[PDB]
Every structure is written in C-alpha cells, then in structure tokens.
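This document opens with one chain alone, in structure tokens, the form deposited without the partner chain.
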C-alpha cells in the first residue's frame, strides 16, 4: 500500500526499497539469495536510523522468500533476522508459532528462548516452559542453553 505514491522526497515507499532486490531476485542464478537480502537489512539500518517501517518490510518478506527454502529452516542468521523483526511486533505468539509450524528454527535454541522470554513477561510461564521443552526434544542448538534456561525458568514459576 504505497505504489505510485512516491512524492518529491529523498525517501520512497518501503515497497520500492524491497523491489530494488526483488528485480535482482527474479533472474538470480545461484550465488546464494540470502547474501543479497542481508545487504538491504544493513542498508536500511545505516540509511534509515528511525525509519524502521522500511526495515520491517524487508524482514517480514525475508521470512516469506526463505520460508519454503527448506535448507534455510535452521539458518542462525535467518532466525536472528526473525529475532530482529520480533522486537518491532506485538504478535510474537502468532509469529514464533508460524516459524515453528513451518520448521523455521527447530534446530535453533535462540528462537525458543526469545518466545519463552516474551511469554514470561505476559504471564504465559507454563506455555513458555512448553516452548523450551520443544527445543530440548527437537535437539535445538545450543541444547545446553535450552536446559540451563529451562531449569532457571522453572525455579522462577515454582516460587511465583
């Protein structure tokens, strides 16, 4: 929502900023597509310091493009960009759940730790524990970080 709306300005719609890589993605041969997107995630952070609306556009469509790219499921950087996206969105239940259902971050501990941290701050301590154990049984690396955060999480909710 903002195509053709570009007025006299140094800045476009977030859509055009994203379309600058998309036009290049159409006929992209095979020099790793993630390496293109990461350049635009850093580019929007250096060119647009408080204009996060552009960054979020790149991030929400990043998880779409590499969603059914099933070899990027557990990529620590791709999941780290989902964690980067997370702090700008209040729908973290729907977000991290969607990732888990599509296999995104099943072998990534920082995914389960991030969601559990959100849920604790809401009062979803039992559901957050239920997320941390999902990591432990799925063997999400680092597994040791899941187990240490699990027991430290349990020693909190038993006292509350």
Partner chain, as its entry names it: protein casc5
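Numbering follows the first chain given and starts at 1.
FYI, the form solved in complex with the partner chain isn't displayed, but the following is about it.
None of 126, 94, 26, 101 but one reaches within 4.5 angstroms of the partner chain in the deposited bound form through a heavy atom, and that residue is 94. A single residue from the set 56, 34, 130, 121 has any heavy atom within 4.5 angstroms of the partner chain in the deposited bound form; that residue is 56. Residue contact check for residue 41: none of its heavy atoms lie within 4.5 Å of the partner chain in the deposited bound form. Taking non-hydrogen atoms only, residue 80 never approaches the partner chain to within 4.5 angstroms in the deposited bound form. In the deposited bound form, the partner chain stays beyond 4.5 Å of every heavy atom belonging to residue 70.
With a 4.5 Å cutoff on heavy atoms, residue 107 does not count as touching the partner chain in the deposited bound form; it lies far away. Here the marked residues 137, 146 and 153 all miss the partner chain in the deposited bound form; none has a heavy atom within 4.5 angstroms.
Annotated contact segment (heavy atom within 4.5 Å of the partner chain in the deposited bound form): 60 to 68, selected among 41 to 49, 110 to 118, 26 to 34, 60 to 68.
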